[PDB]
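First the proteins, then the strands, lettered A, B, ... as listed; each starts at 1.
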Amino acid sequence: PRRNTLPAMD
Amino acid sequence: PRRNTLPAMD
Amino acid sequence: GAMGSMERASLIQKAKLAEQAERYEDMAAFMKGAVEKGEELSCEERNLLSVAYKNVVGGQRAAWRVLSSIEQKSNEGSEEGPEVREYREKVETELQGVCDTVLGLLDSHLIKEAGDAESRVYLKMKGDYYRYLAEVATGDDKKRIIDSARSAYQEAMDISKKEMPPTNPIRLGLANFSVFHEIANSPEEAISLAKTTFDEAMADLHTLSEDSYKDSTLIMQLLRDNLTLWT
Amino acid sequence: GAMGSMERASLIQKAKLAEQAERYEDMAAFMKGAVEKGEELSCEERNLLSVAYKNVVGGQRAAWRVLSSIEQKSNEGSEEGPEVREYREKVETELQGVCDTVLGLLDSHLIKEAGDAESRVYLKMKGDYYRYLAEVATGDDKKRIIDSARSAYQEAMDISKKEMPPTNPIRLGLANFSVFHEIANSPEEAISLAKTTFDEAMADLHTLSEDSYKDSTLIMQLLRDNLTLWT
Ligand SMILES: [Mg+2]
Ligand SMILES: [Mg+2]
Ligand SMILES: [Mg+2]
Ligand SMILES: [Mg+2]
């Protein structure tokens, strides 16, 4: 699991 | 669900 | 022509790296450039070519079917512009190029130099990309594109019947021809070909190693689900 | 320049159709051509621009990280060619172009004409695409690309603190800056910014409608998981 960034990919 | 054809997409 | 100054082995190596990268346009571009070196292709190199073009045309087919539907809803109490038609056209024009690119590689000169059953049974590829052109053809050549595909499938079917056992994965994948039968409006032909192909592979499974067994049962299961959906 | 003879509204309409089609290169190409009409962008048009470039650079970033790793394994008892390095380079060169294309649109002239807080708080985009360049920079400008990104994030942070409430989704998404802090080697700064941003949004949630509430809690949850992974 990667860290979250805004926004995401489809 | 679609019908199967050879081959498939990743 | 872009790949003409890169080594054949280099293009194969980068086509597999493109697979791992899921960069299927690069993968098709490498395998096209590999084909255009003029040498025959190994069974493994055949699969890299097939896998790359299948993914590119596969997303182009997916996008086309999305646009076509919004376009159908656009012409049924519907508030009216040409933009849906223009973009569906461009994407379809893009899709027709890729098929025309693959068919041009089979025709120059992969089919004429393919002497062994497994390699020659390219005619399936030839049937698949005419079928993709068929999926989007609506005019004065849609009948001729279908015959182009049918004829290609039928040549592959005769060689496969004579020269390969009934469990051979290439024969089983060839027996796509049944799905053509959604293009050809012959659903009874579609179903007969699938039950016939399934039952005769089933009777030959006792001859196979545990490895071959798993391969053949995979594609027999793709026939079982199709039959399940049509019956 | 390719889109210069198509109407602004036509490019917006086709950028959304490209979204539905998941053709994100077309979507970026339409939104680039829309930007280059010279008009300011609506809040909705801002999101289409951002969504399109995020997906293209997003797959380019994914492919780069796949190639980079095979390349690291290639240099550690490893049987030796330049093909991995050549393809990782080309993809990275492609990625650097897309970032350079977005940064060129923010610089000509989206940031200078952005007067409202929500529109100007483009500096986040500016921070994101320098950060993407940072992810692949290894030479004599990697320090300068990082400062380029940090400075952009910090301008957006000051405007967002002064001009938007603490639950504002643009402020919460801006508070990516914390992940920059994986580029900047400042994990304690990373964590402080996220707990601070989270706790102050939490204290403001009672002011929000059920709709705004759902939006803000989404991004606060992206902060909660990051904190969860870092602590
Ligand atoms: Mg070359
Ligand atoms: Mg009947
Ligand atoms: Mg134009
Ligand atoms: Mg500490």
message: Between C:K54 and B:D10 (side chain of the first, backbone of the second, donor and acceptor by atom type, cut-off under 3.5 Å), is there such a pair?
response: no
message: Could you report the tightest heavy-atom contact between C:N55 and B:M9, atom names first, then the distance?
response: OD1-CA, 3.2 Å
field: Proximity of residues 175-183 of chain C to chain B, residues having a non-hydrogen atom under 4.5 angstrom
entry: C:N176, C:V179, C:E182
message: Could you check whether atom CD of C:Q221 has more than 12 heavy atoms from other residues, nucleotides or ligands sitting under 6.0 Å from it?
response: yes
message: Using 0.5 Å steps for rounding, measure from the CG atom of C:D128 to the CG atom of B:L6.
response: 7.5 Å
query: With a 4.5 angstrom heavy-atom cut-off, which part of C:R224 approaches chain B: side chain, backbone, both or neither?
result: neither
field: Partners passing side chain to side chain contact (heavy atoms under 4.5 Å, CB included) against C:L229 (at least two apart in sequence or in another chain)
entry: B:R3
field: Result of checking C:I219, C:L223, C:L222 against B:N4 for side chain to side chain contact (heavy atoms under 4.5 Å, CB included)
entry: C:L222
Show the atom names and distances, to 0.1 Å, of all donor-acceptor pairs under 3.5 Å that link a side chain in residues 95-107 of chain C to residues at least two apart or in another chain.
unit_1: C:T101; atom_1: OG1; unit_2: C:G97; atom_2: O; d: 3.2

- prompt: What residues form a salt bridge (charged side-chain N to carboxylate O under 4.0 Å, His left out) with C:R120, not counting sequence neighbours?
  reply: C:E155
